[PDB]
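The next block holds one structure in the form of structure tokens; read it before the comments.
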Amino acid sequence: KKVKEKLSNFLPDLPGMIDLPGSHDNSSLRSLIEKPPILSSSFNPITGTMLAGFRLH
Amino acid sequence: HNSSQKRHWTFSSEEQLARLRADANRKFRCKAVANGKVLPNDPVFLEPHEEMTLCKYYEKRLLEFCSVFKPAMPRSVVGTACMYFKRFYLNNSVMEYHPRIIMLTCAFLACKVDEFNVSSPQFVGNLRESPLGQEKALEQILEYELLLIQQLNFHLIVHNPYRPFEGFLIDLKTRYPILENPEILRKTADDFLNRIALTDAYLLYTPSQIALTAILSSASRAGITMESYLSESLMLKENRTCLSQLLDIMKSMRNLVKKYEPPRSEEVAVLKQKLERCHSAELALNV
Amino acid sequence: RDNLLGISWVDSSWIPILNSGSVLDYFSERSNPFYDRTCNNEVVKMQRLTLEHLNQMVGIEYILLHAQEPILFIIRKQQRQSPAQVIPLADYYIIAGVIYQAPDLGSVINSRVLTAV
Amino acid sequence: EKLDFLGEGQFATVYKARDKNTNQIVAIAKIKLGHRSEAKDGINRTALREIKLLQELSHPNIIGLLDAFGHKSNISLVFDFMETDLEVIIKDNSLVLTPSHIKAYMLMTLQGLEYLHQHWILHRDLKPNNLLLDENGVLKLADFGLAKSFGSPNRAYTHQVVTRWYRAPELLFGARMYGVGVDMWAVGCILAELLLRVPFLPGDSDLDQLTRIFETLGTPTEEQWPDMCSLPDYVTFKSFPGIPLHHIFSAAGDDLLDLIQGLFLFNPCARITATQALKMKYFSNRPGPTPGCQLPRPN
Amino acid sequence: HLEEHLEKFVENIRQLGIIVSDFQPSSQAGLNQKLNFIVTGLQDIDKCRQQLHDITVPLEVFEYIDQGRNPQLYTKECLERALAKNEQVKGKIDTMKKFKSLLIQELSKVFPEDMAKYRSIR
Amino acid sequence: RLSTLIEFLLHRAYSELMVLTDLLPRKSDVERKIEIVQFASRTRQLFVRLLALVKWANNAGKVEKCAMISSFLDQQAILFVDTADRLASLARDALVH
Amino acid sequence: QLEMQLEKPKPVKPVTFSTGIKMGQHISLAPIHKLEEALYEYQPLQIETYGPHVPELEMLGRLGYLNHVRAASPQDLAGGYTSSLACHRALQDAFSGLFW
């Protein structure tokens, strides 16, 4: 069978350019699987300051 | 302290201290009046000498609390704590921070800096309080710990008059044979040192000179004088001049010790009732 | 150590396994009077790899000058003040797996005239 | 005014910027802790030590707690921003492989160590990093979290402290007491790395690191400081024939050969002292220590 | 297993959040950030579930994902290299079989009685 | 190993989101929406690559068997070359002397 | 591009050879280089104080006495910290100051 099935049919449901490579993405956050990030702090709860920061317009 | 740091925090003479305490008392009084919670000069406001007397009796109680700590405590840690407490009320007033919270906190911060690595059960066990009330105090202790360093100007090192004592006695075992087996000298000197610690001596005099003066007082009380040791220190710079300064400092130290006395408990309880009523008065800070 | 011009150093094993790439290694075998531990090619060997590091550094770098495949392999000792700055110190030439120091055009002539006269 | 977010730290977070006051560049620290317990221990011991020790230690080769505030729960510590760090610099593929520059780095580190030893306060944990290089390049020491005073009175001296790869042999045994020895052996391993270009002795965990320390310097002789097995926890290590310093780092100028042999000497008593090392003739030699104007800079 | 569907719902919520915060919104769009934080909490629960699952994955999966292909291509390439090594080894053994046959043929030509006794003994 | 990567990815995501929420009131809100959707793209890429991982988690064991096969056949190839090598070391070293 | 890049400009004139043919083409030689920068910050004397003084090694009555609260002890001595370090810290600290 064809094995060039897209990184779609594989990762198909997620929106956006899933097929696009990490180099094209140019995202510091994406560079993480290759070298594991350190767990400096445990996950924290959401705060009112965050909502005040956003709230759209 | 050729290590500087305390070179900035060595207040030079009696009057400046008096003035600073007085000014902080005025400062709190004024902030409160301006806030306008009360009309100026009401009964509640305290007086600086009364505040100082209450502080000294409560501090003697704090020293007993340090002594009854279940784990063995180095004399360095107790001293560090007292010094930290005196220096704290040179910037603020008794009412702004209740003395009990300040005492307990000085003690925990002190233990953390001096590497006593205290066990958490040992600290809670020493306090004779209900676990829930001790935890309420511990919550305040956290906030007041950061508050202490803020008003301590982040200057944490404290020179403790002990190390010099051991050192001078080794010099004793070596340079001068005129005196011998100076250990009677050792205990009496300790007695003079606790009495010296209760005074503003830590703030004014140099700690090494404080230890030397304790040794000299012990010697005079028992039958020996160290003119010859003073003479080996004269084998040094200033030629004749060093000795006059040493003698003047020794005389002033003796005078403060003879004049200093524990505040009477009858007077102290009156003061306590007044302060308690005072913190029970409405402060409330901000929204 | 009396006279470096009058010393010759060799080793049979390295002789059959000799190639343009290994000439520096043969000079580097250590316990060789001509070469020294102070040279940086030795400092490099202590570290990992060798490339343009002789230009990044600028010091004692023994480098091959001219090479004939079978036997002739001439080595030159340079002292660099900076990249693109070379100062030649001496030349050691290897003939038939035998290392000699290149005689000065004048020390050789002085000794020669002395013996004849 | 926070202007940059360099990132989080082991027990702290850092931001780079200009403060409420002057426009000068500085690095700002924010206190980090697990405050979940309703019985928190207030501030951490590492923080307490670091702040006062840095404030006291003022030297051209020591960083210092300059300004310090804390109106909110937050405690703010002010330290000058530095260029980078020797460790990543030599970690990277040889960009500007230079030799007398290594000697200049060693001189700055040794002057800082001499000042700290004179002030009577051991730097408990020099690690390869935790050493910072500024724009001028004067290198001043930095991480001060694990340090402690060392004095005549007997007290519980903390144990098993320095990072495994850089560990003093007496500490590796399990010794209850210590002296300038830890800091000296560690500068020694950092020099080792600058010359060798990769870390000297690799230890996955305590015992393996002690084994390699022994393999690199051979079995310590009985004459060395007998009681080496009489300290509280010792295991006879392999009876290595032993290798000369010439073996592990193959070569360099022998003066460097001597400083190394000396920092290494096994008897903690003989581990060379700071003043002693500066006085070594290697520093006063024909190779000149770099002023730092020409000190190598990467990106 | 369940970590896939959980992280998929998280990613879809992230996409809807990006769409909503991309648009000016009268409604409290802080619900998007709250759902993102709750998705991080459910991802922590999924990390507990990944401690339950204990998956071990090679790095070349991560690198082919970086190239943006299917990791199914990495499966095909591992299968192809397995068949390549099996083909090469069977071929070497087959040439040894043909060589043994040729050798016993020629030695039976040149040494009759000895190869006769060998074919007897086998 | 994927559990450690999952935990580290969740940690880095939550920490970067914490930095974003810290600068959220700080940043100019109009361009902060752009920075938010950029961060949302970052998180979506992290999560879709994790989705590719947990997709391949069904195909993990077959690749484990393929690694076993490849190791075995490499071992038999080294056996062939070792036999030829020891015969050469017989024929050129021991019999000449 | 005939003028933009080389396009056989310096490839034409080659001046015979000065690298393989013969290395005697140098001729024009020069040097005269100087720097004058060596032996900097060898001195280690940064000693500061506002106090009297005391030597690092004792070899005196204090070393002969060798007595502290617990004197010295053998097993921990491997630990180093010979009482020597001990009296030095003690005295130095005590002497620190004495005159503000």
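Each reported figure results from applying straightforward, stated rules to the coordinates on display, with no laboratory input. No Cβ is skipped: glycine too gets one built from the backbone with ideal geometry, and neighbour counts run over all protein chains shown.
Find the Rg to Rh ratio for the range B:161-259, where Rh is the Kirkwood radius over alpha-carbon pairs and Rg uses the same atoms.
Reported Rg/Rh (Cα atoms, Kirkwood Rh): 0.94.
Given E:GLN51, E:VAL10, E:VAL89, which one lies farthest toward the positive end of the charge dipole of chain E, if we put +1 on the Cβ of every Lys and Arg and -1 on the Cβ of every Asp and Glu?
E:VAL89
What do you get for Rg/Rh of chain F when both radii come from the Cα atoms and Rh is the Kirkwood radius? Present the calculation step by step, with values, prior to reporting the outcome.
Working: Rg = 27.9 Å, Rh = 18.8 Å.
Expressed as Rg/Rh, it is 1.48.
Let me check I have the definition right: for chain D, take the eigenvalues of the Cα gyration tensor, multiply each by 5, take square roots. What are those semi-axes in whole Å, largest first?
Working: eigenvalues 224, 130, 57 Å².
Largest first, chain D gives 33, 25, 17 Å.
State the dimensionless ratio Rg/Rh of the range E:56-118 (Rg: radius of gyration of Cα atoms; Rh: Kirkwood radius).
Working: Rg = 23.1 Å, Rh = 15.5 Å.
Ratio value, two decimals: 1.49.
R0 = 56 Å: FRET efficiency of F:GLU31 with C:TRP9, Cβ-based, nearest 0.05? Show your work: numbers first, answer last.
Working: r = 73 Å, r/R0 = 1.30.
Computed FRET efficiency for F:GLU31 and C:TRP9 comes out at 0.15.
If we count other beta carbons within 10 Å of each Cβ, what is the order of B:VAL257, D:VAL88, B:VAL94, E:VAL110, fewest first?
Details: B:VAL257 17, D:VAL88 12, B:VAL94 24, E:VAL110 8.
Ordered by Cβ neighbours within 10 Å, fewest first: E:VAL110, D:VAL88, B:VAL257, B:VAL94.
Grab the DSSP H runs of chain C that are 4 residues or longer, score each as -39,500 (n - 2.57), total them, divide by all residues and round the 222 nm result to the nearest 500 deg cm²/dmol. All intermediate terms of the calculation are to be shown ahead of the outcome.
Values: 4 runs with 26 residues, N = 117.
One gets -5500 deg cm²/dmol as the mean residue ellipticity at 222 nm.
Can you spot the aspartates and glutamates whose alpha carbon is less than 13 Å from D:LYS279's alpha carbon? Ignore those fewer than 8 places along the same chain.
Result set, ordered by chain and number: D:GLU114, D:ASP255, D:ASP258, G:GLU41.
Against the 2.2 N^0.38 Å scaling, with N counting residues, where does the range B:1-71 land? I'd like the Cα-based Rg ratio to two decimal places.
1.56
Using the Cα centre of chain B as origin and beta-carbon charges of +1 (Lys, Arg) and -1 (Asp, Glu), tell me which of B:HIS279, B:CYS111, B:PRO40 is placed farthest towards the positive end of the dipole.
Selected residue: B:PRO40.
Work out from phi, with θ = phi - 60° and the Karplus expression 6.51 cos²θ - 1.76 cosθ + 1.60, the ³J(HN,Hα) of each residue of the range G:73-84, listed in order in whole Hz, and give x for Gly and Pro.
Per residue, the Karplus-derived 3J(HN,Hα) values read 9, x, 5, 6, 4, 4, x, x, 6, 3, 2, 4 Hz.
For the pair B:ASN117 and F:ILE78, what calculated FRET efficiency results from E = 1/(1 + (r/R0)^6), where r is the Cβ-Cβ distance and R0 = 60 Å, to the nearest 0.05?
With a Förster radius of 60 Å, E is 0.55.
What does the charge dipole of chain E about its Cα centre add up to, to the nearest 20 debye, if the Cβ of each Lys and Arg holds +1 and the Cβ of each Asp and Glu holds -1?
1040 debye
Give me the net charge of B:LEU234's neighbourhood, meaning all other residues with Cβ under 15 Å from the Cβ of B:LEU234; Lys, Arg count +1, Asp, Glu -1. It would help to have the intermediate numbers written out before the result.
Details: positive: B:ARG175, B:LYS237, B:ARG240; negative: B:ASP171, B:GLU227, B:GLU232, B:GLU238.
Combined, the nearby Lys, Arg, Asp and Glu give -1.
Give me the base-10 log of I(q)/I(0) for the protein assembly as shown at each q in 0.06, 0.08, 0.09 Å⁻¹, Debye formula, one uniform scatterer per Cα, rounded to two decimals.
Per q value, in the given order, log10 I(q)/I(0) is -0.72, -1.14, -1.31.
Which value in Å does the Kirkwood hydrodynamic radius of the range D:185-299 take, with 1/r averaged over all unlike C-alpha pairs and then inverted? List each step's numbers first, then the result.
Working: mean 1/r = 0.0620 Å⁻¹.
Final number for the Kirkwood radius of the range D:185-299 is 16.1 Å.
Whole-Hz Karplus ³J(HN,Hα) for the range C:31-47, in order, using 6.51 cos²θ - 1.76 cosθ + 1.60 and θ = phi - 60°, x for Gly and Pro?
6, 10, x, 5, 8, 9, 5, 4, 4, 6, 3, 7, 4, 4, 4, 4, 7
Computed FRET efficiency, Cβ-Cβ of B:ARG128 and B:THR225, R0 35 Å: what is it to the nearest 0.05? Don't skip to the answer; put the middle values down first.
Details: r = 46 Å, r/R0 = 1.32.
According to the calculation, E is roughly 0.15.
With equal scatterers on the alpha carbons only and no solvent term, can you work out the Debye log10 of I(q)/I(0) for the range D:45-132 at 0.13 1/Å?
-0.54
Can you pull the percent of Cα pairs in the range G:41-100 with separation above 17 Å? List each step's numbers first, then the result.
Numbers: 910 of 1770 pairs.
Across the range G:41-100, Cα pairs with separations above 17 Å total 51 percent.
Residue farthest toward the positive end of the dipole of chain B, with Cβ of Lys/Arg at +1 and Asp/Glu at -1: which of B:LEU142, B:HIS159, B:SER76?
The residue sitting most towards the positive pole is B:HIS159.
So how strong a dipole does the range D:19-145 carry about its Cα centre when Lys and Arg Cβ are +1 and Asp and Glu Cβ are -1, to the nearest 20 debye?
Details: 14 positive and 16 negative charges, 97 e Å.
It works out to roughly 460 debye.
With only alpha-carbon atoms counted, please give the Rg and Dmax of the range D:204-264, in Å.
Just the Cα atoms of the range D:204-264 yield Rg and Dmax of 13.2, 39 Å.
At a Cα cut-off below 17 Å, give the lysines reachable from A:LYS4, other chains included and same-chain residues fewer than 8 away excluded.
Straight-distance partners of A:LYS4: E:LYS76, F:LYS55.
To the nearest µm²/s, what D does Stokes-Einstein give for chain C at 20 °C and 1.002 mPa s, using the Kirkwood radius over alpha carbon pairs as Rh? Don't skip to the answer; put the middle values down first.
On the way: Rh = 15.5 Å.
Roughly 138 µm²/s, to the nearest whole number.
Taking only the alpha-carbon atoms of the range C:42-93, what semi-axes of the equivalent ellipsoid follow from 5 times the gyration tensor eigenvalues under a square root, in whole Å, largest first?
After scaling each eigenvalue by five and taking roots: 21, 15, 9 Å.
Tell me, what does the Kirkwood hydrodynamic radius of chain E come to in angstroms if you use every pair of distinct C-alpha atoms? Mind dumping the intermediate values first?
Working: mean 1/r = 0.0476 Å⁻¹.
Evaluated over chain E, this radius sits at 21.0 Å.
Using a 7 Å offset from the Cα along the Cα-to-Cβ direction at both A:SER8 and E:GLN24, what is the distance between the two label points in nm, to one decimal?
For A:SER8 paired with E:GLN24, the spin-label model returns 3.3 nm.
Can you check what the Kirkwood hydrodynamic radius comes to for chain B, Cα pairs only, in Å to one decimal? Please report the intermediate quantities before stating the final value.
On the way: mean 1/r = 0.0472 Å⁻¹.
Evaluated over chain B, this radius sits at 21.2 Å.
Fewest to most neighbouring Cβ within 10 Å: what's the order for G:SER83, D:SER37? Please report the intermediate quantities before stating the final value.
On the way: G:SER83 21, D:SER37 10.
Exposure proxy ranking, most exposed first: D:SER37, G:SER83.
Using unit Cβ charges (K, R positive; D, E negative) and no other charged atoms, how large, in debye to the nearest 20, is the dipole of the range B:161-259 about its Cα centre?
Working: 13 positive and 11 negative charges, 49 e Å.
Using only the charged Cβ atoms, the result is roughly 240 debye.
How large is the convex hull of the Cα atoms of chain A per residue, expressed in Å³ as a whole number? Mind dumping the intermediate values first?
Values: hull volume 10.8 nm³, N = 57.
With only Cα atoms used, chain A gives 190 Å³ per residue.
Please rank D:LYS30, F:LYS65, fewest neighbouring Cβ atoms within 10 Å first, as an exposure proxy. Please list the in-between numbers first.
Working: D:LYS30 16, F:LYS65 12.
Ascending Cβ contact count within 10 Å gives the list F:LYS65, D:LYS30.
If you plug each phi of the range F:8-25 into the Karplus form 6.51 cos²θ - 1.76 cosθ + 1.60 with θ = phi - 60°, what whole-Hz ³J(HN,Hα) values come out, in order, with x for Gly and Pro?
Once rounded to whole Hz, the list reads 5, 5, 5, 5, 5, 5, 5, 6, 5, 5, 5, 5, 5, 6, 5, 7, 5, x.
Based solely on its DSSP helices, what 222 nm [θ] is calculated for chain F when runs of n ≥ 4 H residues each add -39,500 (n - 2.57) and the sum is averaged over all residues, nearest 500 deg cm²/dmol? Each step should come with its number before you reach the end.
On the way: 3 runs with 80 residues, N = 97.
Computed mean residue ellipticity for chain F: -29500 deg cm²/dmol.
Ignoring solvent entirely, what values of log10 I(q)/I(0) come out of the Debye formula for chain G at 0.14, 0.17, 0.18, 0.21 Å⁻¹ when each Cα is a single scatterer?
-0.88, -0.98, -1.00, -1.17
For G:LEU98, what residues show an amide H to amide H distance below 5 Å, using hydrogens built from the backbone and excluding near sequence neighbours?
B:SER208, B:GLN209
For B:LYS6, go through the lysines and keep the ones whose alpha-carbon is under 21 Å away, minus same-chain ones fewer than eight residues off.
B:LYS86, B:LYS112, D:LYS52, D:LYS148
For the pair A:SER41/B:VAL44, report the inter-label distance in nm, with labels modelled 7 Å from Cα in the Cβ direction.
About 3.9 nm, to one decimal.
Label 7 Å along Cα→Cβ of B:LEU285; the range B:119-159 residues with amide nitrogen under 16 Å?
B:136-151
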